[PDB]
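The structure appears right after this line, and notes come after that.
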Amino acid sequence: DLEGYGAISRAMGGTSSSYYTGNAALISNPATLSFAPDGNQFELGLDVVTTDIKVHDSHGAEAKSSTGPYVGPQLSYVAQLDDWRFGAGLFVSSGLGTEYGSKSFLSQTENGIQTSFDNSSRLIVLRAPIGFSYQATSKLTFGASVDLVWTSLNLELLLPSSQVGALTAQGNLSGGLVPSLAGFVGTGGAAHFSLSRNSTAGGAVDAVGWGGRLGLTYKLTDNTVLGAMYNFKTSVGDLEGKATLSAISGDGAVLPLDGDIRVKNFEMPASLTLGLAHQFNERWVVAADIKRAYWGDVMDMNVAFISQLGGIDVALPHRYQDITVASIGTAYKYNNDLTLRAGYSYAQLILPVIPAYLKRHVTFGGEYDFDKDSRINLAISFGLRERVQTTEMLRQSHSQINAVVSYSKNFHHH
Ligand SMILES: CCCCCCCCOCCOCCOCCOCCO
Ligand SMILES: CCCCCCCCOCCOCCOCCOCCO
């Protein structure tokens with residue numbers, strides 16, 4: 001989440017508690033949809049998430065990922081029935097995606113042998129919300145919305161023998177496949193996990209579930225409105241699909257094995273958000289928001305792989321603490337049809353294929369509308385780059401850019 005939804009909400013540091021954010025409010029604060037211009041709003045957009053990562057060896061070897069992006073489409077329509085606003089939409093998004101290739105050290109056996117396995121990641125989450133909004137009384141504005149989330153997980157991951165040995169020795173790695181493959185992998189081999197299938201027959205690790213939120217707004221003054229919204233815990237099942245567990249010996253021998261894999265217990269925590277937007281002049285508006293993701297309340301993960309020959313189970317325990325986000329955003333009416341936006345956000349061990357989220361983000365946004373019904377919104381969010389290190393004694397450097405773009409046509413009732 002953190003960064004909100006939509007070209008304007010993202011160009012404004014992820015702020016969204018109480019100002020027109022567009023059709024994307026269907027996920028953030030649907031109560032803001034009542035601030036929409038008279039009529040019905042059709043919205044179309046594209047999300048692109050560039051990622052730059054460099055991981056280094058204890059020998060000066062590097063594996064980098066960034067070396068063409070995933071583009072997520074965004075369709076949605078909001079309708080006005082008197083005081084009501086009803087809206088539906090499909091919101092595609094990545095939430096992980098790395099590609100280190102197969103010529104890197106991450107693809108070598110605890111031993112030095114260069115295997116040909118890739119090392120990559122890709123998480124895709126679709127959100128198709130159904131929601132409404134009621135302007136209950138000129139002052140407050142009710143707003144609810146249910147979801148339906150579709151998650152897909154692509155994985156390509158090699159673990160040199162020392163890593164499996166410690167998992168195994170820690171008791172975090174179990175299964176009947178331990179005693180049968182252990183001799184093959186040995187001292188200088190590894191194990192590779194692959195989740196490469198797509199869609200449906202394909203296998204493809206995915207899950208479908210529900211989700212939802214509700215919020216509200218209030219205008220104490222004539223240019224200062226306040227907002228808040230509560231998000232429900234994502235009730236997603238286990239991600240399940242086909243996976244190939246493949247053992248590699250000290251001389252590069254490969255012993256693949258197809259089966260089922262389940263990535264158990266993970267949802268997405270409930271979040272509480274409080275904020276306020278204020279207009280100074282009349283062409284300049286400023287917004288500040290404070291978000292609280294209840295990660296710490298996720299006590300309820302694993303990875304269960306199972307085949308005809310046996311299975312392997314990995315028990316990797318979180319250690320989660322609620323996170324807090326502080327965001328501020330600016331919008332400026334520079335022309336009669338050109339707005340300028342900008343903002344900042346503030347958040348608060350390794351594994352190169354699943355990078356941790358970034359602490360800070362600096363965004364820029366712009367709006368240009370040809371008519372009073374046709375608008376184009378742009379946004380560019382930079383996830384500030386942070387360094388961080390841990391045989392495999394690694395060090396990682398990770399930054400991230402974000403482009404969102406959408407065309408917004410306003411229709412009129414006849
Ligand atoms: C996916 C299964 C991963 C399980 C592999 C565990 C591998 C861990 O290390 C085992 C190391 O011990 C084995 C020794 O090397 C083989 C030598 O031959 C032994 C008899 O003298
Ligand atoms: C909401 C995002 C959830 C995304 C989860 C993707 C990460 C889940 O685990 C993927 C690993 O399962 C396959 C391999 O076996 C585990 C590897 O050993 C662990 C590293 O220390």
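As the structure lists them, so they are numbered: ligands from 1, and atoms in each ligand from 1. For this chain, numbers begin at 1 and follow the sequence in order.
If you look at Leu195 next to ligand 2, there are no close heavy atoms at all, none under 4.0 Å. Residue-level proximity to ligand 2 for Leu123 is carried by the side chain, the only part with a heavy atom below 4.0 angstrom. When heavy-atom distances to ligand 2 are checked against a 4.0 Å cut-off, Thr151 has no atom that comes that close, whether in backbone or side chain.
Between the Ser307 side chain and the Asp260 main chain, no donor and acceptor come within less than 3.5 Å of each other.
Applying the 6.0 Å contact sphere to CD of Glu386 captures more than 12 heavy atoms from other residues, nucleotides or ligands.
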Expected rows: ligand 1 N/O, protein N/O, dist below 3.5 Å:
residue, atom, partner, partner atom, Å
ligand 1, 9 (O), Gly186, O, 3.2

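Under 4.0 Å is where a charged nitrogen must lie from a carboxylate oxygen, and between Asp52 and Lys64 no such pair does. A salt bridge between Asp147 and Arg213 is present, with a side-chain N of the basic residue lying under 4.0 Å from a carboxylate O of the acidic one.
Using cut-offs of 30° and 60° on the angle between ring planes, the pair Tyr320 and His318 is parallel.
The two residues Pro37 and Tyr20 have their closest heavy-atom pair at CD-CE2, 4.0 Å.
The six-membered or imidazole ring of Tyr230 lies near that of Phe232, with a centre-to-centre distance under 6.0 Å.
Each of the following atoms of ligand 2 lies closer than 4.0 Å to a heavy atom of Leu351: 20 (C).
Going from atom CG of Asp238 over to atom CZ of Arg262 covers 6.5 Å, rounded to the nearest 0.5 Å.
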